[PDB]
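Participant:
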Amino acid sequence: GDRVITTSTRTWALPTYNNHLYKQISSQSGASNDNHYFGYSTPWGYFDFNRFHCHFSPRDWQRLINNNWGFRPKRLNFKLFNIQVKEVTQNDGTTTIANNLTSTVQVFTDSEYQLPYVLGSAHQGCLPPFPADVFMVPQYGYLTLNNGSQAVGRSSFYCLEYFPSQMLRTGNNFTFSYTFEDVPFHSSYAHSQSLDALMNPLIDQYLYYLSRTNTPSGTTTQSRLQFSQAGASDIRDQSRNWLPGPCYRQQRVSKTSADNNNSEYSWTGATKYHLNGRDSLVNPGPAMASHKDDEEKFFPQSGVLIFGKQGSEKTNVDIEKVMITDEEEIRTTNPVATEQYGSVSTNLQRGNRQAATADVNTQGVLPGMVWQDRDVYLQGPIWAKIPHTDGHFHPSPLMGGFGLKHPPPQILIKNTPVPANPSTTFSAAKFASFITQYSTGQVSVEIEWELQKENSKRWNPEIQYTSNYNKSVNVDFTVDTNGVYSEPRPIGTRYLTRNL
Amino acid sequence: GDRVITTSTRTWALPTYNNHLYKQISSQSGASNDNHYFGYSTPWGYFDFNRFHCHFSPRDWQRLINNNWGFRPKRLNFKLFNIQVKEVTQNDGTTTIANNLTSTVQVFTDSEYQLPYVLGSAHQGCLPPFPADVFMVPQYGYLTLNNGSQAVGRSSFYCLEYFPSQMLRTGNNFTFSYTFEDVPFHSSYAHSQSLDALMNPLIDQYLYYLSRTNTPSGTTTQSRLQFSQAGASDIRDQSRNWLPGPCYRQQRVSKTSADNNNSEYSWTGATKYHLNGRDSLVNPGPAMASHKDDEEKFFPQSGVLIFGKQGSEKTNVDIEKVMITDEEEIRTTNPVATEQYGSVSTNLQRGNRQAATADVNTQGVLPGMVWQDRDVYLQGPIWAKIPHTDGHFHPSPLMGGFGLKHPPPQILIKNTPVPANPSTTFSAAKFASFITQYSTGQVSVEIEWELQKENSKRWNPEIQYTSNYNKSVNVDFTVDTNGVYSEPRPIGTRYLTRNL
Amino acid sequence: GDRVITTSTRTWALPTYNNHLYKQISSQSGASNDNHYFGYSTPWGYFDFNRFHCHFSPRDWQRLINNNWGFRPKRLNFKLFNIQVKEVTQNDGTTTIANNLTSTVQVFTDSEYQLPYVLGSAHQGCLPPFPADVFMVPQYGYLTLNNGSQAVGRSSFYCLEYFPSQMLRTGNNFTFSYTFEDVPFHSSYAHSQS
Amino acid sequence: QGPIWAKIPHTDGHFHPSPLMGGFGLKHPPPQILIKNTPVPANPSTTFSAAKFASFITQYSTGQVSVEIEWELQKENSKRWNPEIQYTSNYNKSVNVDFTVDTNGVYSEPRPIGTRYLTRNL
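Chains as they are written, first to last, in the deposited numbering: chain X, 236 to 735; chain V, 236 to 735; chain R, 236 to 429; chain L, 614 to 735.
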């Protein structure tokens, strides 16, 4: 009631990747100097389970999303069990399996966050949406530092066979518990009222701003400047003690595709920054914006988010599959998307001298700013692991989600190598001749989120996202015919409304 | 001694507004699309008492303002009593009153801040300056959300007859206590010394900056670049570890009115931003600036504050009544008003290539910024109720004053309707035929502010705002002849000086 | 959580109907013989509050309707208070009010269900939807038995001034508590499958 | 906007009472509680009299009212995998939303509602 407890489980399959041998991986020499990566590929595999798919399913997303203002995770517990090591041999056109029993698997974990922590991109393949079937574990490895291809001093290279591990035979299991520290609840409410009008419309404030300057002489010219008390009426002159959050700009692009010159403006016309002289564009903006009321056919080029419609073939797939989140609901506070934040004076005015204006395309944070977060679509990420640093400035990760400083640990996996027969003559160096095998087992987690209840004295119904209706040949979600699973539309949580 | 306790009281009068019936209120269709408001008007009335007039009077403003570095409120208590319900009937050219006794009045309050909290603009009519006479209570009602006129989903509409109330007959009273959480003391000291010179003038620092580049060959041209250790002398090259606060720009306008082209530049030339595509100008700037030393005839167009000289007829009143606060005292740190914050390089320089500069009109917050607040004029507001949000970035409300997250509650009032005689035939629907009546009573509050004392080892006298002198035909403040009350000049608190 | 508690309140106005005199009421003789009613009209007025408007408002209807399979009422409590008797006089083209104080009002109740219980049709005028304004109390009276217009033996005619009442001056209030016995929960679920 | 309890008549032949209006079948419904305001005559004629004069003093009355209920409800739990219907407020830019007063103080209530939304397998 006060808090909800989630539990999941899955089965998984672990191959062997590098042939049990680290391989440094680097960028191609033909890759443009905007792109160079120099790094390592380890055999170890690792679990992810960072996304909301794992823990909810649509119904329990409603039950959560409609009834609560906010929530946070209060702990988690985690389990591996039913570990079944398995062998495979290929003779000629023949196959075999024959589980080999006593062979083991290595796991450990890091509380110390010592090893490089890489999730962060929401790389695909965390866990299957929907409980059925199975997923093969992805392997590890990391970029570090490059310069132009090549290498520089420092440049890391950890080992991963150092740390005390645990070696788990068939019929042995592994767990650990973890507890989040705390974070402010994630927002849900949609902010009934905009900032621009917070005011009682009936009375009028006692400040006069400045009325029409100039005024006729005579019929023409005087420097007379007069004042008019504000309130009701024109509004828009209201003295206001708060400010809307910061923004840049984006290149507006239409889903209609009736427009946009020919043209290729991307990525040339896109917004980007270059760190260390290598251009980098910005996929999430600082979480903000919208398109605008009544438009819906325009969206920011690099803004918002994509996802996609299964099955989605990468690299040049057309618009129908992508799904393009709208982001319209934060319109209350954040300063929309592609607009000049607002005009500001430039040149002073003499008797002979006209004044600008000339405005601006950006702002930056200022005292008295307020802004809201972003929304989380349940196929999105969860926690971002703020880097270990100084200059935080509170961490509202652009992906959305929680800002953990000590995220849940990482827990890589590997299955111990078994050599084939040696030559008995001793030898130079190290033979490979490995015995091909892989592994499988279960997995669990659980969370126990804590959520704050909802209460409001509003008189009328509210929105409360629904299942829609009416005779779709294929409803959604649930499998169509031959076993493929679907997920039409994104969801995200802002529905309940709180007065600002 | 350690802390001062304030107490006030007044008498008040409550009419009946809507005829006891909610009326949705909307913007005119002829109102330009920059202006649309769609909202409600409830019968309920409400108290304000948010301004400094209520609690002090000029003398006790001195006694406070001169002797203390800073202060904050530590609690308050509040009272209604001596409630006298009253009736009025009009027959023909006749009048009558005849207090009706047992009829009641409804009050309650909200600690939960559930209902929309609207003060925020310093709408006129809180309480009378000066204890005499009486004030009629303003009514409630709120804007919420519009789009273009019209309406959208959400859009609120609370009731106000839901909550448990208290119904107070003649000879019954009502109170409650409230306690502020805490806030840093409000500043007073004026910062004796500017940032630019913090340094001991006698010694010189050991960093060399960069001296004249170029230098003659020969007599003309060399790329020679040489260095000169700083200190004393030129100054202005001093390495400095702190930065002045952020700013925009304003349109400078003269009180002299000898200038400014013809011209109407307002509001076209004014500084503004448009949220959701509707332009909004900025009445308080981010609290900052000044005009400059020795000028005093120039002030920012949209900057500073107005107030006005009683009696002040709204809409086009001339300059003599407005009073135009100067804001000169923060000159120490904040970066004045209409000036380019400062130049910054633009293009690199080759052997053939000249460099800019080209500067900037704005900045935004940066690490190592410092700035000071604003000053509070005792006819200004007090607490702003920071909205319930995430992105605070400490709340220094542009109106000035304290940043309460849980402000003192709101406490609306209404007087229960009494119908006239029915028709005994039963009826359709609901008759009105109300009995015209209104109400009156007392009011109290009190605060008990806590203030920190002042001590300084300065050797010489200080400024300490005074009453001036010399044979004014009308002193100030105190009533002139026929009972009208005056308040010449604003006041505000920065007088005592602290070394920075 | 387990159970929700509702509370409402309203203001109301009570006229005087028959001039304080019972009047037997009957069907018109011209009314077709499919229609004949023979009955009484008493001065007494009565409260209704039997409809869901009174207790919920749309939002709290959602909050209920979406989250639960079923429900039943487990009790109720009831109150009258702030009773203000009032007078009206009409001289010529003039009006007056002048609350008269000590005059009283009579109420009682029936647990025994003795008197004819008539609600049953959802006659209009129970309470106002929405809290505002006010509603005038409807009067009582009942049909019993007719034959063709006229009357037959039996045919009732209660009094209503028999029972012990309570007479409530200004500055006096009245309550009682009541408890439902039990009923199976009302259904909500829509039955997924035929 | 419908009724609530029907007061099954005092009888024999019940055959469980599912009142056609809908709502609960109480055998002992909440009581009835009629009201009346005592008559005050005008001045008599002092000559005594036949019969009974009327000459009443016109008056009426007003006051408050309360009730309350405390319903008991059973919670909902279902293992269904997909969203459900859950009646909503609709959307989209109605010149007049619903319910809440339009302009001059009249109150509205568009559409009926009724409760069947949540789904249980039969």
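Each residue gets a CB set at the ideal place from its N, CA and C atoms; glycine is no exception.
In chain order, what are the residue ranges of uninterrupted beta strand (DSSP E) at least 3 long that sit wholly in the segment 328 to 411 of chain R?
Facilitator: List check, beta strand (DSSP E) in window: 329 to 331.
Participant: Starting from the beta carbon of residue 710/L, find every residue of chain A whose beta carbon is closer than 7 Å, and list them in chain order.
Facilitator: Chain labels in this structure do not include chain A; the protein chains are X, V, R and L.
Participant: Please report the distance separating the alpha-carbon of residue 593/V from that of residue 564/X.
Facilitator: Mapped onto the second sequence, residue 593/V falls at position 358. Mapped onto the first sequence, residue 564/X falls at position 329. Spanning the two alpha carbons is a distance of roughly 39 Å.
Participant: Is residue 566/V near residue 533/V, with beta carbons less than 7 Å apart?
Facilitator: The count along the second sequence starts at 1 and reaches residue 566/V at position 331. The count along the second sequence starts at 1 and reaches residue 533/V at position 298. Not a contact, by the Cβ cut-off of 7 Å.
Participant: Taking only beta-carbon atoms, is residue 321/V less than 7 Å away from chain R?
Facilitator: The residue labelled residue 321/V in the question sits at position 86 within the second sequence. It does not: the Cβ of residue 321/V has no partner Cβ on chain R nearer than 7 Å.
Participant: In terms of alpha-carbon separation, which member of 386/R, 238/R and 416/R lies closest to residue 302/R?
Facilitator: Your numbering for residue 302/R matches position 67 in the third sequence. Nearest option by C-alpha distance: 238/R.
Participant: Leaving out five residues on either side along the sequence, give the residues of the same chain with a beta carbon under 8 Å from the beta carbon of residue 648/V.
Facilitator: Position 413 of the second sequence, counted from the start, is the residue given in the question as residue 648/V. Excluding positions up to five away in sequence, the list reads 249, 279, 280, 281, 282, 340, 341, 342 and 372.
Participant: So for residue 296/V, helix, strand or coil by DSSP?
Facilitator: Numbered from its first residue, the second sequence carries residue 296/V at position 61. Residue 296/V: helix per DSSP, three-state reduction.
Participant: Within 8 Å, do at least three Cβ pairs link the segment 597 to 606 of chain X to the segment 474 to 490 of chain X?
Facilitator: Touching, per the Cβ criterion.
Participant: For the 8 Å Cβ check, are there 3 or more pairs between the segment 407 to 419 of chain X and the segment 303 to 315 of chain X?
Facilitator: Yes, the segment 407 to 419 of chain X is in contact with the segment 303 to 315 of chain X.
Participant: Given residue 485/X, which residues of its chain have a CB within under 8 Å of its CB, disregarding the five upstream and five downstream residues?
Facilitator: Within the first sequence, residue 485/X is the residue found at index 250, counting from 1. Cβ within range, chain order: 506, 520, 524, 535, 536, 537, 538, 572 and 573.
Participant: Note down, in chain order, all residues in the segment 711 to 730 of chain L with a beta-carbon under 7 Å from any beta-carbon belonging to chain R.
Facilitator: Against chain R - using a Cβ distance shorter than 7 Å - the residues of the segment 711 to 730 of chain L are 712, 720, 722, 726, 728, 729 and 730.
Participant: In chain order, what residues of the segment 384 to 396 of chain V put their CB closer than 7 Å to some CB of chain L?
Facilitator: Cβ contacts with chain L: 385, 386, 387, 388, 390 and 392.
Participant: List the residues of chain R whose Cβ lies closer than 7 Å to the Cβ of residue 402/V, in chain order.
Facilitator: Translated into the one-based positions of the second sequence, residue 402/V becomes position 167. In chain order: 317.
Participant: Considering only C-alpha positions, which residue in the set 259/V, 585/V, 587/V and 591/V is nearest to residue 578/V?
Facilitator: For this step, residue 578/V is matched to residue 343 along the second sequence. Answer by Cα proximity: 591/V.
Participant: Return the Cβ separation of residue 287/V and residue 614/V in integer angstroms, given the expectation that the two are a contact with Cβ distance under 8 Å.
Facilitator: Translated into the one-based positions of the second sequence, residue 287/V becomes position 52. Translated into the one-based positions of the second sequence, residue 614/V becomes position 379. Yes, they are in contact, since the Cβ atoms of residue 287/V and residue 614/V sit about 7 Å apart, within 8 Å.
Participant: Pair every Cβ in the segment 253 to 262 of chain R with every Cβ in the segment 270 to 277 of chain R, then say whether three or more of these pairs are closer than 8 Å.
Facilitator: Cβ pair count under 8 Å is three or more, so yes.
Participant: List the residues of chain L that residue 314/R touches, going by C-beta distances under 8 Å, in chain order.
Facilitator: Mapped onto the third sequence, residue 314/R falls at position 79. Under the 8 Å cutoff, chain L gives 677, 678, 679 and 680.
Participant: Provide the residue span of the beta strand (DSSP E) that contains residue 325/R, from first to last.
Facilitator: Position 90 of the third sequence holds residue 325/R. Segment 324 to 326, the beta strand (DSSP E) holding residue 325/R.
Participant: State buried or exposed for residue 661/X, treating a residue as buried only when at least 16 other CB atoms are found within 10 Å of its CB.
Facilitator: Your numbering for residue 661/X matches position 426 in the first sequence. Classification for residue 661/X: exposed.
Participant: Expressed to the nearest angstrom, what Euclidean distance is found between the alpha-carbon atoms of residue 734/V and residue 472/V?
Facilitator: By one-based count along the second sequence, residue 734/V stands at place 499. By one-based count along the second sequence, residue 472/V stands at place 237. Roughly 23 Å between the two C-alpha positions.
Participant: Contact between the segment 621 to 638 of chain X and the segment 324 to 341 of chain X is defined here as three or more beta-carbon pairs at a separation below 8 Å; is this criterion met?
Facilitator: With a cut-off of 8 Å, the segment 324 to 341 of chain X and the segment 621 to 638 of chain X do not count as touching, because too few Cβ pairs lie within range.
Participant: If you check the beta carbons only, do residue 652/V and residue 357/V fall under 7 Å apart?
Facilitator: Within the second sequence, residue 652/V is the residue found at index 417, counting from 1. Within the second sequence, residue 357/V is the residue found at index 122, counting from 1. No, the Cβ-Cβ distance between residue 652/V and residue 357/V is not below 7 Å.
Participant: Would you say residue 294/R lies against chain X (beta-carbon separation less than 7 Å)?
Facilitator: Against the third sequence, residue 294/R aligns to sequence position 59. True, the Cβ-Cβ gap to chain X drops below 7 Å.
Participant: Beta-carbon of residue 700/L versus every beta-carbon of chain V: anything under 7 Å?
Facilitator: The residue you call residue 700/L lines up with position 87 of the fourth sequence. False, the Cβ-Cβ gap to chain V never drops below 7 Å.
Participant: Given that residue 704/X touches chain L, what residues does it touch there, using C-beta distances under 9 Å?
Facilitator: As a position in the first sequence, residue 704/X is number 469, starting the count at 1. Within chain L, the residues near residue 704/X are 698.
Participant: Could you check what DSSP says for residue 246/X in three-state terms: helix, strand or coil?
Facilitator: One-based indexing of the first sequence puts residue 246/X at position 11. Note: residue 246/X maps to strand in three-state DSSP.
Participant: Bridge partners for residue 675/L per DSSP, in chain order?
Facilitator: Counting from 1 along the fourth sequence, the entry for residue 675/L is found at position 62. DSSP lists 248/R and 319/R as partners of residue 675/L.
Participant: Taking the C-alpha atoms as reference points, what is the distance between residue 624/V and residue 610/X?
Facilitator: As a working mapping, residue 624/V is identified with position 389 in the second sequence. As a working mapping, residue 610/X is identified with position 375 in the first sequence. Computed Cα separation, rounded: 14 Å.
Participant: So is residue 704/V buried or exposed if we call it buried at 16+ other beta carbons inside 10 Å?
Facilitator: By one-based count along the second sequence, residue 704/V stands at place 469. Residue 704/V is exposed by the Cβ-count criterion.
Participant: Assuming residue 376/V and residue 276/V are in contact, meaning their beta carbons sit under 8 Å apart, how far apart are those beta carbons, in whole angstroms?
Facilitator: Translated into the one-based positions of the second sequence, residue 376/V becomes position 141. Translated into the one-based positions of the second sequence, residue 276/V becomes position 41. Right, the Cβ-Cβ distance comes to about 4 Å (below 8 Å), so this counts as a contact.
Participant: Where in the segment 246 to 283 of chain X do unbroken runs of the beta strand (DSSP E), each at least 3 residues long, occur, reported from the N-terminal end onward?
Facilitator: With a minimum length of 3 residues, the continuous beta strand (DSSP E) runs that stay inside the segment 246 to 283 of chain X are 258 to 261 and 273 to 276.
Participant: Apply the 10 Å Cβ neighbour rule to residue 540/X and answer buried if 16 or more other Cβ atoms are within range, or exposed otherwise.
Facilitator: Position 305 of the first sequence holds residue 540/X. Under this definition residue 540/X is a buried residue.
Participant: How big is the Cα-Cα spacing for residue 698/L and residue 392/V?
Facilitator: Mapped onto the fourth sequence, residue 698/L falls at position 85. Mapped onto the second sequence, residue 392/V falls at position 157. Near 25 Å, if we compare the C-alpha coordinates of residue 392/V and residue 698/L.
Participant: Between which residues of its own chain and residue 685/L is the CB-CB distance below 6 Å, once the five residues before and five after are set aside?
Facilitator: Taking the fourth sequence and counting its residues from 1, the one referred to as residue 685/L is at position 72. There are no such residues.
Participant: When you compare the CB of residue 231/R with every CB in chain V, is at least one pair closer than 7 Å?
Facilitator: Absent from the structure is residue 231/R, since the part of chain R shown begins at 236 and ends at 429.
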